[PDB]
Structure formats: C-alpha cells, structure tokens
Amino acid sequence: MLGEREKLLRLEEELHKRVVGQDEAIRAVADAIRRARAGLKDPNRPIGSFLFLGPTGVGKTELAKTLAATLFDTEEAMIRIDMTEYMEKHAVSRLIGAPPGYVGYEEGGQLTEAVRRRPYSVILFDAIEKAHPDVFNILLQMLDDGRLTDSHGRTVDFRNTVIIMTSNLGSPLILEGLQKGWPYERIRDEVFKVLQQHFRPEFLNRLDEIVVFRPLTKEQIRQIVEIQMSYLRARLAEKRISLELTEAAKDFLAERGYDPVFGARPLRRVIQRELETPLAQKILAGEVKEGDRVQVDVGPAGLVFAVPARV
Ligand SMILES: Nc1ncnc2c1ncn2[C@@H]1O[C@H](COP(=O)(O)OP(=O)(O)O)[C@@H](O)[C@H]1O
C-alpha cells in the first residue's frame, strides 16, 4: 500500500472537509485508525470503538457519516441503530435475530444482517444508555470478539467495523466545561466521573477512545451554512446564477438556525425557508434571470435580495 497510506496521514484534512470544528474529536478518531493500520491494535477486535459524548447537532452523526464515506467510500457504508427502540427484553431478539419460530427469525436481526451483508462499515448506536442492559452484554461480547452469533448460529464478523456509540449523558455538565476554565482535557476527565456512575468500568475500557464534542462557535456555524448550501449553489450554477452572501446574512441564518438544545439540526430547513423560498419567488417572478450574481443581505423582514442591473 502507498496511496492508502497517503490517505491516512492526511486523514484529518479529509474529515474536516465535511466536518467543521471539533478538532480534538477528530485527532482522537484519526489516531485510533492509524494504530489500526499500523497494526498496534488487537486484530480480533473492531478497527475502532468510540464513545461520542457531547451536545446534539454539533457533528457526531456527521463525523460518523463522513468517516464512513472517507474510509469505505460511501455514506451507505454505515449502519445506524437507535437504542431507544431497545429498552425491552424483546429487543435482543430484534438486534441479532429472534429465536426460531418467531416473527422476525429468517428475515434475521437487522444488526447482524447489516454487518453480515456489509462487514467493512461504520456502525452508529444512538443513546447507548437507553439500551436494555441485556443488549449491552451482546455489544460487549462483540467488542472483545469482533464476532457475534446470530439466532441461526451464523457468526458475524465485526473485525472490520468502526463502532461509535453516542450518548448525551455528559452534556448538561460540558456546559460548565464550555465556560473556559475546563479546556482541552479537564472536561474529558470530569465527565469520566459521571460515566462511571452510569457505565460499568469493564465497558469503559473496551472503548478505544472517549471523545468530547463541544458546542459550536458563530464562525463555525457560519462555515456550516456554506457547506449546507452547496447543493443550492450547484443547482443555481445550471442557470449560471451566483449567490454572494453578506456577513450579516450568514449571521442571520446562523442566528435562526442554531438552537442550543438541538445544535444545527434546524439549520437546513431554516436555509430553505429563509433563503430558498424567497429566492424561488424571485426566480419565478423573473426578478432573477439566467446569468445574474444575486446579492443577499439582512433586513427587517429577513433576507433581502439585490441584483446589479446590466453593465
Ligand atoms: N461539525 C460539523 N460539521 C459539519 N456539519 C455539521 C457539524 N455539526 C453539525 N452539522 C450539521 O448538522 C446536521 C445534523 O447534525 P448531526 O450530525 O445529527 O449531529 P448530532 O449527531 O449531534 O445530532 C447535519 O446536516 C450536519 O451537516
């Protein structure tokens, strides 16, 4: 391997393309993967296993998707599992395959059937704490064996997955860590204390890395707005239309589009509502014709749209 190497030394850059900010989190991930490809990790255990602590809407899933895409060359190459739907006893059977003579037997269990059909992939468990403690045991086994045994007794190979578990447990106490005093590492410490209270220490050690996601800064969110309206620019390029934003215009979209409790979840449909909707209005009315560079500024009733007349 030579080109596969080149991609790994430049790995962080490849991820920052799609994931703004969260640099600490990205070293963390990228490192663990270098230790894999170098061959310093136990080869009968998955490429990497992570705990993603932190607020919602600030990059967890994105990184998950991005990683998947930059490692296995597609967003499809990742499996999302929601621990909210696994709070029951009945859960275990849906995860790996309900015992014979059961509704969802031969149709398999979606986890084991996904990994079975796609052995090199990223796997995302959301709200790992919401999981029924039975389901944990199944995960732990997998974390040590790189193997799981489904209902039909067929053994499923996880030695080529990256495992990522998100949880919001820390969050209300990384808010105190946001307030400077607790910088790079001290948060990753004071959180461990709360983690021990919810998670057994056998579990917190199969884990390759515990990663703290921080909230976003205005300038960061501003960047996300750009990446966020990439498809639209491309869409508009087909009719040769440009979209200069203003400093304030970006800030407006950022203002409306970042809920603290939800991060940038709302953003995409804010952009859609505040910028795409009125832009369609203009385009259809003819105030924007094929060719124009449209300028976009803030006002009292939201975004306002300027076109230079013809030279
Ligand atoms: N750091 C980031 N880099 C790029 N996009 C981000 C970032 N943080 C949030 N987003 C945007 O927020 C949206 C959803 O966020 P998500 O990945 O679900 O965060 P979480 O998993 O914490 O809920 C995505 O469209 C994504 O583009």
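Here the sequence shown stands for residues -9 to 301, where the numbers follow our numbering.
Each residue gets a CB set at the ideal place from its N, CA and C atoms; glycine is no exception.
Ligand 1 heavy atoms versus the CB of residue i: any closer than 7 Å?
i, result
"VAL19", "no"
"residue 376", "Residue numbering for the chain in the displayed model covers -9 to 301; residue 376 lies beyond these limits and cannot be assessed."
"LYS50", "yes"
"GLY292", "no"
"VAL125", "no"
"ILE118", "no"
"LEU85", "no"
"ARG258", "yes"
"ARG8", "yes"
"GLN187", "no"
"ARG255", "yes"
"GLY247", "no"
"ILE214", "yes"
"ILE177", "no"
"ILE154", "no"
"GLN12", "yes"
"residue 364", "Absent from the model: residue 364. The displayed extent of the chain is -9 to 301, so no value can be given."
What residues in its chain sit with their C-beta under 8 Å from that of residue i, if we drop five residues either side in the sequence?
i, result
"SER83", "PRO89, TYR92, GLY94, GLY99 and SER141"
"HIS122", "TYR76, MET77, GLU78, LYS79, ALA81 and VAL82"
Below 8 Å on the Cβ atoms is my guess for residue i versus residue j; work out the distance and round it to an integer in Å.
i, j, result
"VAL105", "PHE148", "6 Å"
"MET68", "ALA117", "About 17 Å; that fails the 8 Å criterion."
"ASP134", "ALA22", "Wrong, their Cβ atoms sit about 17 Å apart, outside the cutoff."
"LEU5", "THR64", "Contact flag wrong, Cβ pair sits at about 15 Å."
Whose C-beta lies closer than 7 Å to the C-beta of residue i among residues of the same chain, with five residues either side of it excluded?
i, result
"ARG230", "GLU280 and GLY281"
"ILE86", "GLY99, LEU101, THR102, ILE128, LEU138, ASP140 and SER141"
Grab me the residues of residue i's own chain with a C-beta within less than 6 Å of its C-beta, minus the 5 sequence neighbours each way, in chain order.
i, result
"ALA20", "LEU1 and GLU2"
"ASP124", "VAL82"
"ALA15", "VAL201 and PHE203"
Check your understanding: Using 8 Å as the Cβ pair cut-off and three pairs as the minimum, do the stretch 121 to 139 and the stretch 165 to 179 touch?
Key -> Inter-segment contact for the stretch 121 to 139 and the stretch 165 to 179 is absent: fewer than three beta-carbon pairs are separated by less than 8 Å.
Review point. Are the stretch 105 to 114 and the stretch 41 to 57 in contact at 8 Å, needing three or more beta carbon pairs?
Key: Contact between the stretch 105 to 114 and the stretch 41 to 57 is present, with at least three C-beta pairs closer than 8 Å.
Check your understanding: Do the stretch 36 to 48 and the stretch 155 to 169 meet, that is, are 3 or more Cβ pairs less than 8 Å apart?
Key -> Verdict: yes, contact present.
Practice item. Evaluate contact between the stretch 185 to 202 and the stretch 222 to 229, counting only Cβ atoms and requiring at least three cross-stretch pairs below 8 Å. Key: No, the stretch 185 to 202 does not touch the stretch 222 to 229.
Exercise for review: Pair every Cβ in the stretch 30 to 41 with every Cβ in the stretch 233 to 246, then say whether three or more of these pairs are closer than 8 Å.
Suggested key: Segment contact: the stretch 30 to 41 against the stretch 233 to 246, fewer than three CB-CB distances shorter than 8 Å; contact not assigned.
**Study point:** Cβ contact check for the stretch 266 to 279 and the stretch 246 to 258: 3 or more pairs under 8 Å
**Key:** With the rule of 3 Cβ pairs closer than 8 Å, the stretch 266 to 279 does not count as touching the stretch 246 to 258.
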